[PDB]
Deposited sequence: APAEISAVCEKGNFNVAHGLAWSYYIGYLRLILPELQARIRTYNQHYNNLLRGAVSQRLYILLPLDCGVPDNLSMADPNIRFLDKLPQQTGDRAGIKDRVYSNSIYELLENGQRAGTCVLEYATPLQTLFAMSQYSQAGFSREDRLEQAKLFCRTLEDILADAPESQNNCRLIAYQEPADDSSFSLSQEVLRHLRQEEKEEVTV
């Protein structure tokens, strides 16, 4: 079972650290340059994770980078954590701005697919994706750092933008 460890490292190595200081980073960018106060993580269950968000959906267009977050991490002095802000256009009109990004471990699960000495097969990507989404939301349920600082966007394959709009419109 690979997805279990990837969900935990994703929380132990990233979410536990940037979420407590995310609200302050969004606040700092709003005063200098109306993004919502939440990190939205795309987790396609197909694990079709492209590197460019605009390449996946034309409606999803990059807006600007969040103020970097630094920190000494495992012998790396001032390791920079980067978060990208995106605006979502529907029918040529922007309807929401947010800090949007994919769940990178899913990209890793998709690539681990191809290799020979990977644990899981190439036909178990989907259940691994389903196992990652369940384990992450299980962790973020009992996680004291996730004080409604992020929301999980899980879907199966289409309009990605309006799935994103559905959640931000909720806020």
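Query - Missing segments of the deposited chain sequence, listed N- to C-terminal - result: Missing CA coords at 1 to 14, 48 to 53, 178 to 183, 198 to 204.
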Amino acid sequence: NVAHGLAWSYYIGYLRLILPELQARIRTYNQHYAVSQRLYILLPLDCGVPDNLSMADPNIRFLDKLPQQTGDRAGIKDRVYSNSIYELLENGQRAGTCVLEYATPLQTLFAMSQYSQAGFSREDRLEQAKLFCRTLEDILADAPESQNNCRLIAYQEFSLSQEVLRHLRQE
From here on, numbers count along this sequence of modelled residues.
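Under this definition, the rigid core comprises the largest set of C-alpha atoms superposing within 1.5 Å between the forms.
Query raised in the report: Rigid core superposed, root mean square over structures and residues, which stretch has C-alphas farther from this form in 8 other deposited structures of this protein, 9 to 17 or 144 to 152?
Result: Comparing 144 to 152 with 9 to 17, the one that moves more in 8 other deposited structures of this protein is 144 to 152.
Query raised in the report: Which stretch is more displaced from the shown form in 8 other deposited structures of this protein, 43 to 51 or 119 to 127, with RMS over structures and residues of Cα positions after a rigid core fit?
Result: Comparing 43 to 51 with 119 to 127, the larger C-alpha deviation in 8 other deposited structures of this protein belongs to 119 to 127.
Query raised in the report: Can you tell me whether residue 33 lacks a model in a third or more of the other compared entries?
Result: Other entries vs residue 33: at least a third skip it.
Requested in this report: Using the B-factors recorded in the PDB entry, average over the C-alpha atoms of 86 to 94 and of 71 to 79, then report which stretch comes out higher.
Outcome: Result of the comparison: 86 to 94.
Requested in this report: Quick one: say whether 42 to 50 or 118 to 126 has the higher mean Cα B-factor in the deposited entry.
Outcome: Higher mean C-alpha B-factor: 118 to 126.
Requested in this report: Would you mind checking where the Cα B-factor of residue 58 ranks among the modelled residues of its chain, as the lowest, middle or highest third?
Outcome: Answer is highest: the recorded C-alpha B-factor places it there.
Query raised in the report: Among the modelled residues of its chain, does the C-alpha B-factor of residue 147 lie in the lowest, middle or highest third?
Result: Residue 147: CA B-factor falls in the middle third of its chain.
Query raised in the report: Sorting the chain's CA B-factors, does residue 165 end up in the lowest, middle or highest third?
Result: Tercile = highest for this residue's CA B-factor.
**Report entry** Ranked C-alpha temperature factor of residue 22 among modelled chain residues, by third
**Finding:** Tercile = middle for this residue's CA B-factor.
Report task. Please place residue 34 in the lowest, middle or highest third of its chain by C-alpha B factor as given in the entry. Result -> As the PDB entry reports it, the C-alpha B-factor of residue 34 lands in the highest third of its chain.
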